[PDB]
Ligand SMILES: CC[C@H]1CNCc2ccc(NC(=O)c3ccc4cc(C(=N)N)ccc4c3)cc21
């Protein structure tokens, strides 16, 4: 997250920190995720397509810092990694960038809700928020494009949804952004999500209910002028989410 403010997991109870074990034992942060139900986390397929082995992944909930055990957290492994079978990736845009991870603790249990571990509701058929609505994002991604390290503390920011016809204009993304995607950004272009935040939640207050409207997918640079962040439109994939869970 570029700009924005630091925060703690108690503010983002459904955020999931997804790590991966390397050869030798070293472990590095990969992508973010959102808790759908006690046993399920939804993220982005491009975060796993290169190393499709469910065994190498570690998932944390109620964890507020990159390298510190936060009072109340729960460590998990992945019982099942399901990737969207029709996924692909062009020069900038990503398609059907959605994934499901069925989690399980060493004792064989799913997540146990607490003050710092909660689920977020999915959207309903054809009912997305109008353009211009403010929504928030959270992640452990770069604070600046030039950094090579990720911020030690969790961060979040607020951006505004952008209409599809506006996101398809020449100086934006043209025909590269389809109807299955949503754009969002900062009007002054000072804050935005960035590499390291992929797979994370785009939550919107819709009709009085916090709703997982998007999943961080792609974008040209970070916080660049006329270059919004692009997110997977969850509402479109409801049938897929239902059938695979
Ligand atoms: C080596 C990394 C790699 C693995 N193979 C597929 C793949 C594929 C992709 C990404 N994602 C990004 O690197 C990335 C970069 C910039 C971003 C900018 C925004 C934004 N402007 N809000 C949103 C998401 C981003 C993701 C990473 C990787």
**Complete:** Those residues of the stretch 166-185 which are closer than 17 Å to residue 220 by Cα and assigned to a loop (DSSP other than H, G, I, E, B) amount to 168, 169, 170, 171, 172, 173, 177, 178
**Asked** Which of the residues spanning the stretch 127-148 are in contact with a helix residue (DSSP H, G or I) (Cβ under 7 Å, 6 or more places away or on another chain) and under 15 Å from residue 167 (Cβ atoms)?
**Response** 128
**Fill in**
Per the filter on the stretch 77-88, residues assigned to a strand (DSSP E or B) and either in the same structural domain as residue 181 (by CATH) or without any contact (Cβ under 8 Å) to a residue 60 or more places away in the chain (or both) are 77, 78, 79, 80, 81, 83, 88
**Prompt:** Condition test on residue 221, is it touching a strand residue (DSSP E or B) at 6+ places or on another chain (Cβ under 7 Å), within 13 Å of the ligand (Cβ to nearest atom) and in contact (Cβ under 8 Å) with a residue 12 or more places away in the chain?
**Reply:** no
**Prompt:** Are any residues in the stretch 89-138 over 18 Å from the mean Cα position of the chain (by Cα) and part of a strand (DSSP E or B), and if so, which ones?
**Reply:** 104, 114
**Asked** Here are 37, 26, 43: which of them is within 16 Å of the chain's Cα centre (by Cα) and exposed (fewer than 15 other Cβ atoms within 10 Å of the Cβ)?
**Response** 37
**Message:** Checking the structure you have, find out if any residue of the stretch 230-238 is within 13 Å of the ligand (Cβ to nearest atom) and loosely packed, with under 14 Cβ neighbours inside 10 Å.
**Reply:** no
**Prompt:** Among the residues of the stretch 150-165, which ones are over 14 Å from residue 2 (Cβ atoms) and either part of a strand (DSSP E or B) or within 16 Å of the ligand (Cβ to nearest atom) (or both)?
**Reply:** 153, 160, 161, 162
**Message:** Looking only at the stretch 186-210, filter to residues that are more than 8 Å from the ligand (Cβ to nearest atom) and crowded, with 24+ Cβ neighbours inside 10 Å; which one of those is nearest to residue 164 (Cα to Cα)?
**Reply:** 202
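Numbers and lists here come from the model and the stated rules, or from a named source; no laboratory instrument gave them. Don't worry about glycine lacking a Cβ; one is built from the backbone with ideal geometry, like all the others, and counts go over all protein chains shown.
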